[PDB]
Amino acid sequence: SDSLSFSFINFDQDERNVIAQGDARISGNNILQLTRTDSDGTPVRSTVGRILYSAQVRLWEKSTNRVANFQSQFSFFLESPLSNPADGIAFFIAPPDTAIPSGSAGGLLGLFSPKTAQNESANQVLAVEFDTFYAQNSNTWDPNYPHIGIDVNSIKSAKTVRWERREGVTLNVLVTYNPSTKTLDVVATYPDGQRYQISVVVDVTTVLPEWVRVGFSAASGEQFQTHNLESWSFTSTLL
């Protein structure tokens, strides 16, 4: 269609218009939990979950040279009982048939397969990652610190900014795409006003198909944490 929007002030477990993949679920307490927990609510190793909004977004139209804008606002928090929590949460855009790739329960954030994770020609993923785990022994593509990144068909972010994950604290995020400037902008803020900004010039018509779904992905490998989405609103208009 020419435009689509939705808003979740909170999520409820009855929500009809989201697609859960892997370990993702909306809890009975109204939190969207992307990764698995044991019966005590403790995060566990080797888990991946994603959610997609069910309606399919017209990101661009080849026969008319129309391109959509979009704006995605959301808030999340992460918790872990241990040091060096992993692996992170991402807002992402992918073809509507997208599924969790094998080998992605870890630093690939549920978004990529190991043999092609850095191969821009192979992937169909645009993502904004909140990447808490950076160890060189397995995340060779990361800078040596937790970071916010924009991922264009690769797990190696096109651009990153330094970000110190705060245990249990809500981060508020606004992601916007402007097709006239071909700019994808991210602004994230913690409650004290600390602000994180990352932006990339990217022509969405060369990185993604005409129809897409939007959503979130998270994963934990050998290190773990809960990945908790509290709210989400989205709008897209084909211009």
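Residue indices: 1-based, along the sequence shown.
- prompt: Taking only the CA atoms, which stretch has the higher mean B-factor in the record, 39 to 47 or 54 to 62?
  reply: Averaged over C-alpha atoms, the B-factors run higher in 39 to 47.
task: Give the stretch, out of 126 to 134 and 111 to 119, with the larger mean C-alpha temperature factor in the deposited entry.
output: Per the PDB record, 111 to 119.
- prompt: Compared with the other modelled residues in the chain, in which third is the CA B-factor of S154?
  reply: CA B-factor rank for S154: lowest third.
- prompt: Against its chain's modelled residues, does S231's Cα B factor rank lowest, middle or highest third?
  reply: Middle third - that is where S231 ends up once the chain's C-alpha B-factors are sorted.
- prompt: Which third of the chain does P81 land in by C-alpha B-factor: lowest, middle or highest?
  reply: Its C-alpha B-factor belongs to the highest third of this chain's values.
- request: Ordered by C-alpha B-factor within the chain, which third holds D142? Give me lowest, middle or highest, please.
  value: Tercile = lowest for this residue's CA B-factor.
query: If you rank the chain by CA B-factor, which third does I31 end up in: lowest, middle or highest?
result: Answer is highest: the recorded C-alpha B-factor places it there.
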